[PDB]
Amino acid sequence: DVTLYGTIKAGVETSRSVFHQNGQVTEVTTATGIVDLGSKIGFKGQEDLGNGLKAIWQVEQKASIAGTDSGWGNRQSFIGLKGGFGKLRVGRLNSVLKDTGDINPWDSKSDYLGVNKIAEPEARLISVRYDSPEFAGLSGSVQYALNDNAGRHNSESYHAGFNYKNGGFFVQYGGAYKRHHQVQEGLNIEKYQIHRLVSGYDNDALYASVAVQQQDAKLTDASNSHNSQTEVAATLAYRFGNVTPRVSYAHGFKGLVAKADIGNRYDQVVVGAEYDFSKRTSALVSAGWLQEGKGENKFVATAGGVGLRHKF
């Protein structure tokens, strides 16, 4: 069983970013560009080893149709075993966090055409992951990333999650703890933990999801100042034949973060539709609004885009 698979997706996006600083406009920048929406190519396989035991492997790469990427195995890549005991994998693996929701189902490159801000702590990392068998809707996962694989200024990290599925209803949890975390521009953070909870309903013609996410850590400053951030995101989609409109809203609460991201409070909505020419090929259109102000020092972004997506 050796399979070549991938997703090719690209389109065009335009956007406009406005800083109001109580004087109305202080800055206006625009952007209009053809962009890749995250095209990828992978190789994978499995082998039946008998007694229900299986070998599994995958080597998956970024393959932007812009021709900008390079690297083998820089997307999710692993080897492992799977059988009655569950599934054990090693390699460059999604964090449990990254697998908890499909919290950002938008194919977009602009940060205003998807629910990107809440998705940002998601990552792949070199680690070991155990995924349990499913028993009556319930499964779980534990994952560990060693201190040596993390680098000089990054500690080991612990990851856990559980999932429940019954019919179209689901709830997923995922969390992580990290002793030392490098922030590249600013002061680093310690005792970082993130927790995410998602619940919704998923099937044909009806998709709904709501997610809340909490991050906490201590700043490596003169006082070990606590930092925290809370974010919620909800999306709703409904399929009419070949067309599926969806809408997303996300909100970031005013949180104690040193970074100038920072996050300050934000609100965003993304709106759009997919048109399916087939089960593998879809056209995409979307539009988005984001405000990171208070009403006074507003940052207002608008954007729109169209795209094409093909799976194979």
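Numbers follow the displayed sequence, beginning with 1.
Averaged over Cα atoms, the B-factor as recorded in the entry is higher for 257-265 than for the other of 273-281 and 257-265. The stretch with the higher mean CA B factor, choosing between 197-205 and 90-98, is 197-205.
Among 150, 217, 211, 160, the highest C-alpha B-factor recorded in the PDB entry belongs to 150. Annotation for 247, 55, 66, 59: 66 ranks highest, by Cα B-factor.
When the modelled residues of the chain are ordered by their C-alpha B factor, residue 50 lands in the highest third. Ranked by Cα temperature factor within the chain, residue 183 sits in the highest third according to the deposited record. Annotation for residue 134: C-alpha temperature factor in the highest third relative to the rest of the modelled chain, per the entry. For residue 231, the recorded CA B-factor ranks within the lowest third of the chain. Only modelled residues enter the ranking.
Per the deposited record, the Cα B-factor of residue 177 falls in the lowest third when ranked against the other modelled residues of its chain.
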